[PDB]
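# Summary of structural features
One letter stands for each residue in the lines below.
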Amino acid sequence: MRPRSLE
Amino acid sequence: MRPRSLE
Amino acid sequence: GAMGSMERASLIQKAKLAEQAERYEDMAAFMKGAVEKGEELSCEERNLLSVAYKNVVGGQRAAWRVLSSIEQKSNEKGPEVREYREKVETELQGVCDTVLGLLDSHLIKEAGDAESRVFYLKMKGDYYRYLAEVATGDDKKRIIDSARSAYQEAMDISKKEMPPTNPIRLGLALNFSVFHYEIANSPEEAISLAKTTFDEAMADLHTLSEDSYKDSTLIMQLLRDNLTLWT
Amino acid sequence: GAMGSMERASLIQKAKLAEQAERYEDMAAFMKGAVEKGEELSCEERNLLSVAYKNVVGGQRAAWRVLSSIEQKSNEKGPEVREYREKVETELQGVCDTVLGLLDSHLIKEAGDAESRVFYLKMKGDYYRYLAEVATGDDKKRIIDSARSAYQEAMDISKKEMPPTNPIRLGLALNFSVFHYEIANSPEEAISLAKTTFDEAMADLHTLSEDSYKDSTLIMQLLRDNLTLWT
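Counting of residues restarts from 1 for each chain and follows the sequence as written, so the numbers need not equal those of the entry; residues with no coordinates are not shown. Each chain takes a letter, starting from A, and each ligand takes a number, starting from 1, following the order in which they are written. To obtain the side-chain values, all non-hydrogen atoms of the structure were used and water was disregarded. Residues with missing side-chain atoms are left out of burial classes, side-chain pairs and their counts.

Method-wise, the PDB entry is recorded as coming from X-ray crystallography, at a reported resolution of 1.46 Å.

Going by the annotation in the PDB entry, the name recorded for chain C is 14-3-3 protein sigma, with Homo sapiens given as the source organism. The title assigned to this entry in its PDB record is "14-3-3 in complex with Pyrinp pS242". In its Sequence similarities section, the UniProt entry covering chain C states "Belongs to the 14-3-3 family." UniProt positions are given in the numbering used here, feature names are shortened, and annotations may be inferred rather than shown by experiment.

On to the interface of chain C and chain D, then. Whether two residues are in contact is decided by their heavy atoms: any pair within 4.5 Å suffices. Every contact between the two is made by 22 residues of chain C and, on the other side, 22 residues of chain D. Accessible area, probed at 1.4 Å, shrinks when two parts are joined; the buried area is that loss added up over both. Overall, the association of chain C and chain D removes approximately 2,100 Å² of surface from exposure, summing both partners, and the carbon and sulfur fraction of that is 59%. On the chain C side of the interface with chain D, the three residues burying the most area are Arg23, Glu80 and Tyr84 of chain C, jointly 30% of the side's total. For this document, the term salt bridge refers to a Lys or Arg side-chain nitrogen within 4 Å of an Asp or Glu carboxyl oxygen. Where chain C packs against chain D, one counts four salt bridges. One salt bridge connects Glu91 of chain C with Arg23 of chain D, and the closest N-O pair in it is separated by 2.9 Å. Every element with two or more residues in the side of chain C that touches chain D is listed here: α1 (8–20), α2 (24–35), α3 (43–73) and α4 (80–110) of chain C. Labels follow the DSSP assignment, with helices taken as runs of H or I lasting at least four residues and strands as runs of E lasting at least two, numbered in each case from the N terminus. With seven residues, α4 of chain C is the largest single contributor of residues to the side of chain C that touches chain D. Residues of the side of chain C that touches chain D, tallied by class, amount to 11 nonpolar, four polar and seven charged. The nonpolar class holds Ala, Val, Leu, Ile, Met, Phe, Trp, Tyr, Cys and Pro. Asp, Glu, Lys and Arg form the charged class, and all remaining residues, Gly among them, are polar.

Turning our eyes to something else, we now look at the arrangement of the chains. Ranking the three pairs of chains in contact by number of contacts places chains C and D first. Separated without contact, chain A and chain B have their nearest C-alpha atoms at a distance of 30 Å. There is no contact between chain A and chain C; across them, the least C-alpha separation is 18 Å.

The next point concerns the interface of chain C and chain B. Taken together, the contact pairs 13 residues of chain C with six residues of chain B. For the side of chain C that touches chain B, the secondary-structure elements that each account for two or more residues are α5 (114–134), α7 (167–183) and α9 (210–230) of chain C. Counting residues per element, the side of chain C that touches chain B draws most heavily on α9 of chain C, which supplies six residues. Across the side of chain C that touches chain B, the residue classes break down as six nonpolar, three polar and four charged.

A rotation about some axis, followed by a shift along it, carries one copy of the chain onto the other. Alignment of the copies rests on a least-squares superposition of C-alpha atoms. Superposing chain C onto chain D requires a rotation of 180° together with a translation of 0.0 Å along the rotation axis, leaving an RMSD of 0.0 Å. Viewed as a symmetry operation, the transformation between the two copies matches a two-fold axis. Closest to the rotation axis within chain C is the C-alpha of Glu25 of chain C, separated from it by 6.2 Å. A share of 100% of interface residues in chain C that are also interface residues in chain D marks the association as one of identical surfaces.

If you want it as structure tokens, here you go:
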């Protein structure tokens, strides 16, 4: 699953 | 509120 | 145009890929290219054309309503809100004129079977409806008449040639009812058409398979949702 | 370019309207026009530039991943899947090159304060990162080095000039950590940077107001979400 970058 | 047209 | 060098089968394949990728502007350009090959569309291909343009114009309509609401507030500042609403409006008009042009060159002329002719006349009514949503004054009157006329021709073929549960016939009646309520200021005609359509479909469900029953009842629930909103 | 005749203030006003309308391609064209006026951007205007292009490239990246997955499946048919993936790839490259060009002409050169310089160097790292996601082979190596370099210059200024809770510094560390994990094949560097960033911010929260506390803890939760995923 892909990690969170800044929203 | 807006009515539903065909989706 | 720009898709003239691509094979018809490759345009249809790429329209399907664009749908999976949620690239609806690309999907619409591929389906326009496919229509411009000059051949009739199959049922699946008509669906791809409708999905593509409905998603493109749906984003435009949503943006237009946000901008129109801000413009109305600002008139209860500068020209920028009006200019930008006009920009989005003109782009939406252009998409509707493109779809209308495909229907007039030459999808409706070559459509002889009821399922294809009703589908295209319904789409003609829908895109004139979207033009009417942003039109003012006398312009508005002629655009409203063009919508009404397309929907009425579609309704007359659908009542003669299709059972009352046919999903195309149901979706036409749903959208014509929305026309009457929102565009033609005829709420009583809207409610009457939604109720008669729902009741006539209910009486024909006994004839359907499980899959056809699910298709027809899904659209009937939209009719019921609008009757709940309106009554 | 095409926005050369519009006032800078009108471009910023229309970028805000486009955001409200969820018209992010228009928002990005307006903000490009504003950057091309040649003046520095305020904090709010830097945010508008980042929101616009992040939403445009985010749709492109999502579409590219869907198409890349179908292409990989089809190689476990014809040229169409590769061609369409290439079309979306080239459009995504073009958006990244446009943003990189704005940063190089001349936003980074004129950015002297840490909040503006770190913001722009972070954005340089992010768009080289998005280029790296679709790059292969030796091309990939030079693009990865360009990302890493931009992020490292941003990190060195942020550690000297900003407190450990500063939201710009936090978001830089978050994204550089994602670079290390997903692009540079350095999961241990990714985990170390996320953990050190989180722990140093936690120790500085006592200095913050209610509003600054909410801003810093929101980004800290993204660091914690990635550490949960990775460990």
